[PDB]
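Data block below; observations after.
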Amino acid sequence: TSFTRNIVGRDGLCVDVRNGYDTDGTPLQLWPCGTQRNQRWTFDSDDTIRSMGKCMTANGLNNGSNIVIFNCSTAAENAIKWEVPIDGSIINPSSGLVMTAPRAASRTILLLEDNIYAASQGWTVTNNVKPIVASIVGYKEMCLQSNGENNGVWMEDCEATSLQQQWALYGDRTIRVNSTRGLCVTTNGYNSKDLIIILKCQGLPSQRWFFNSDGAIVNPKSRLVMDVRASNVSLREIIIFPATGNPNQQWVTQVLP
Ligand SMILES: *[C@@H]1O[C@H](CO)[C@@H](O[C@@H]2O[C@H](CO)[C@@H](O[C@@H]3O[C@H](CO[C@H]4O[C@H](CO)[C@@H](O)[C@H](O)[C@@H]4O)[C@@H](O)[C@H](O[C@H]4O[C@H](CO)[C@@H](O)[C@H](O)[C@@H]4O)[C@@H]3O[C@@H]3OC[C@@H](O)[C@H](O)[C@H]3O)[C@H](O)[C@H]2NC(C)=O)[C@H](O[C@@H]2O[C@@H](C)[C@@H](O)[C@@H](O)[C@@H]2O)[C@H]1NC(C)=O
Ligand SMILES: *[C@@H]1O[C@H](CO)[C@@H](O[C@@H]2O[C@H](CO)[C@@H](O)[C@H](O)[C@H]2NC(C)=O)[C@H](O[C@@H]2O[C@@H](C)[C@@H](O)[C@@H](O)[C@@H]2O)[C@H]1NC(C)=O
Ligand SMILES: *[C@@H]1O[C@H](CO)[C@@H](O[C@@H]2O[C@H](CO)[C@@H](O)[C@H](O)[C@H]2NC(C)=O)[C@H](O)[C@H]1NC(C)=O
Ligand SMILES: *[C@@H]1O[C@H](CO)[C@@H](O)[C@H](O[C@@H]2O[C@@H](C)[C@@H](O)[C@@H](O)[C@@H]2O)[C@H]1NC(C)=O
């Protein structure tokens, strides 16, 4: 069984076989999303990921290796098999390494690296290649709000016209300021009680998030979750904290018109 999708990652750019060339060994790169065949990836039961009839292929199996296009039958079986874990990683199970966009720019070549749960290692397999713009509603049915670069995020009464309450949910599993998409919801550290702020997107593990099945927003590296500090909205502090199941750790996205 198979299905075809784009693969969206860092900065909303897509996995692209350079200029539609399919010569074995051509590096895969980031490029703005489109519908051309060199961004259309077919996922099959054999765990291959194919474009133009050739495979997404690990050029070697150690950290820092290139990912390239390659003839499926002549490439090593270990090099051409991939899985897609629920948290947005794309993993080569033979090596345990994960697909990585080591820099943000278009034309960045993609690498296989040790998983560090970086935003540079988050991907979304989808035909919708535009970020989803949403409100993020939490404790006391208030809305998460941005308050400028380098400042804390916090909760306020929802307002449909408030630009500061609008979030672009990018394919790399980042949560961006919708009006200023170079800025990311960022934990200022990986320890319990570290503050959530807005910082320039830099592909960091502190900028990667996962909306889990329990209503939590999880930072995969820390394992900790977004938390309205001390269940007190007047503190105007959102932190990471261990998952407790409490209402101050529950969030829902609401798509905006
Ligand atoms: C798993 O594989 C990963 C991908 O290869 C490894 O990550 C790389 O590790 C490289 C080091 O081995 C690292 O390269 C160096 O990066 C230095 C910093 O560059 C940044 O900052 C610069 C400003 O100061 C800026 O210009 C850059 O754009 C970067 O933002 C850089 O200074 C180093 O260059 C010095 O030394 C070289 C000599 O080798 C000089 O040529 C250079 O002028 C300068 O004097 C160096 O850059 C590399 O230089 C050689 C060139 O061929 C390379 O292309 C160039 O990158 C590189 O940044 C990262 N890449 C990524 C994606 O992170 C990873 O290594 C580890 O993790 C990194 C972050 C680092 O902490 C390493 O020490 C860790 O080992 C691998 N994992 C493991 C466990 O090995
Ligand atoms: C919830 O957050 C509020 C903002 O920090 C707290 O109010 C502040 O409490 C301070 C005590 O450390 C006190 O000096 C301040 O006067 C007060 N207000 C501001 C704007 O700083 C609040 O503290 C308690 O609850 C409210 C209802 C007030 O009665 C306070 O005086 C209480 O100490 C925080 N705590 C709770 C549990 O609500
Ligand atoms: C979120 O930000 C986006 C991107 O800036 C806004 O979408 C743009 O809006 C203008 C006016 O409608 C359009 O001309 C552009 O084509 C849009 N750009 C992109 C990149 O799609 C949008 O208004 C913002 N707010 C919401 C609720 O999405
Ligand atoms: C991968 O390499 C093998 C052997 O070196 C080629 O036979 C493949 O050729 C392709 O598949 C066969 C079925 C035939 O239709 C041929 O015309 C195709 O090009 C090659 N695979 C590709 C996609 O280049």
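Counting convention: from 1, in listed order, for ligands and their atoms alike. For the numbers below, each heavy atom of this structure counts, side chains included, while hydrogens, waters and symmetry mates do not. Sequence positions, counted from 1, serve as the residue numbers for this chain.
- Counting heavy atoms from C-beta outward, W82 and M56 have side chains that approach closer than 4.5 Å.
- Within a 4.0 Å radius of atom 25 (O) of ligand 2, the protein contributes no heavy atom.
- Protein heavy atom nearest atom 61 (C) of ligand 1, with residue, atom name and distance: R103 NH2, 3.8 Å.
- Less than 4.0 angstrom separates atom 8 (C) of ligand 1 from none of the non-hydrogen atoms of the protein.
- Using a 4.0 Å threshold on non-hydrogen atoms, atom 21 (O) of ligand 2 does not count as touching the protein.
- Nearest heavy-atom pair, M155 versus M142, reported as atom, atom and distance to 0.1 Å: CE-O, 3.1 Å.
- Closest protein heavy atom to atom 79 (C) of ligand 1: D114 OD2, 4.2 Å.
- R208 and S89 form a side-chain donor-acceptor contact under 3.5 Å, judged by distance and modelled atom types alone.
- Protein heavy atoms are found inside the 4.0 Å sphere centred on atom 5 (O) of ligand 2.
- Here's the thing with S179: none of its N/O atoms is less than 3.5 angstrom from an N/O atom of ligand 3.
- In this structure, atom 37 (C) of ligand 1 is not in close contact with the protein, since no protein heavy atom lies within 4.0 Å of it.
- Atom 62 (C) of ligand 1 has as its closest protein heavy atom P102 CB, 3.4 Å.
- Contact annotation for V133 and ligand 3: only side-chain heavy atoms (C-beta onward) come within less than 4.0 Å of the ligand.
- Protein heavy atom in closest approach to atom 5 (O) of ligand 1: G64 CA, 4.2 Å.
- Per-atom contact check: atom 15 (C) of ligand 2 does not touch the protein, criterion being a heavy-atom distance below 4.0 Å.
- Under the 4.5 Å side-chain criterion, counting only non-hydrogen atoms from C-beta, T48 is not in contact with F43.
- Of the protein's heavy atoms, at least one falls inside 4.0 Å of atom 64 (C) of ligand 1.
- In the vicinity of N232, heavy-atom distances shorter than 4.0 Å reach the ligand 2 atoms 1 (C), 2 (O), 3 (C), 22 (C), 34 (C), 35 (N), 36 (C), 38 (O).
- Side-chain contact annotation: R40 with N6, donor-acceptor N/O pair under 3.5 Å present.
- Nearest non-hydrogen protein atom to atom 77 (N) of ligand 1 is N63 ND2, 2.8 Å.
- Within the 4.0 angstrom cut-off, atom 34 (C) of ligand 2 has one or more protein heavy-atom neighbours.
- Side-chain atoms of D227 and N248 form a donor-acceptor pair, as typed in the model, at a separation below 3.5 Å.
- At least one side-chain heavy atom of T253 sits less than 4.5 Å from a side-chain heavy atom of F211.
- Within a 4.0 Å radius of atom 49 (O) of ligand 1, the protein contributes no heavy atom.
- When heavy-atom distances to ligand 3 are checked against a 4.0 Å cut-off, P257 comes that close only through its backbone atoms N, CA, C and O.
- Distance check on atom 15 (C) of ligand 1: every protein heavy atom falls at or beyond the 4.0 Å cut-off.
- Under the 4.0 angstrom criterion, atom 2 (O) of ligand 2 counts as having a protein heavy-atom contact.
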